[PDB]
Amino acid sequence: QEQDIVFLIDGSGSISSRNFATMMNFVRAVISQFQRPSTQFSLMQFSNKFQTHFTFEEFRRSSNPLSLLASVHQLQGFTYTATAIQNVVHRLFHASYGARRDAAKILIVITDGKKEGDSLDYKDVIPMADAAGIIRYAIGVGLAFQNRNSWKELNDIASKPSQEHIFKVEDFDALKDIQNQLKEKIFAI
C-alpha cells in the first residue's frame, strides 16, 4: 500500500542549533526505515515562515534521497503551526508535487512548543485535513507537553484516536527512543 508522508518540522528560534541537528538526524533515521517506491517523503519546515525542502517528486526521482536532508538550514522565527499545517494540506499533496491519488496521505508534525501568534486556529485547518483523509501524527518535544495547556495542542493536531497518534518526548535527544514506535504505527497504515 502506497504512502505519501510529509514531515512538517518546527524551525523556530527556540530550537537550539544542536537540537535542530538532532531533530534532522531523527527525520533521516525514520525515513531510512522505509523503501521507495511504496513510501515517498516530502519535507516542509515552518516557523513564521514556510519552506518546502523537497517535494514527493524530488524524493521519488532522486538517486540518493537521504542526501536531500543534507542541506536543511534552520529558519528561526516564531511557531505558526496552524498556518503551517494549512500550507502542507493545500500544497504538498497536490498531484503536481508528485503525490499519488491512491496513496495514504500522512503528516508527521514535530514541534517544541504551542503555536503562538498564528492568525489561524486549528479548527480553521484541521477539518479540511480530515476531509482529505490526512492521517496526522503530532510529536511534542519538551517537558511542557506533560501538562494540559500543551497536551491539548497535540490532540488538536493529531488524528484520532489521539493516543495512537501522539508522542511526547522529554527532549530532542529522546526522539530516537520513539523511532521504532513511530515506524510501527506507519507500517500499520
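Start at 1 and count along the sequence shown; that's the residue number.
Legend: mean Cα B-factor per stretch from the PDB entry, 142 to 150 versus 43 to 51; the higher mean is in 142 to 150. Averaged over their C-alpha atoms, the temperature factors of 133 to 141 and 59 to 67 are higher for 59 to 67.
Highest CA B-factor among the listed residues (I9, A21, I178, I166): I178.
For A99, the recorded CA B-factor ranks within the middle third of the chain. Only modelled residues enter the ranking. Per the deposited record, the Cα B-factor of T79 falls in the middle third when ranked against the other modelled residues of its chain. In this PDB entry, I106 carries a Cα temperature factor that places it within the lowest third of its chain's modelled residues. When the modelled residues of the chain are ordered by their C-alpha B factor, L120 lands in the highest third. The entry lists a Cα temperature factor for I189 that places it in the highest third of the chain's modelled residues.
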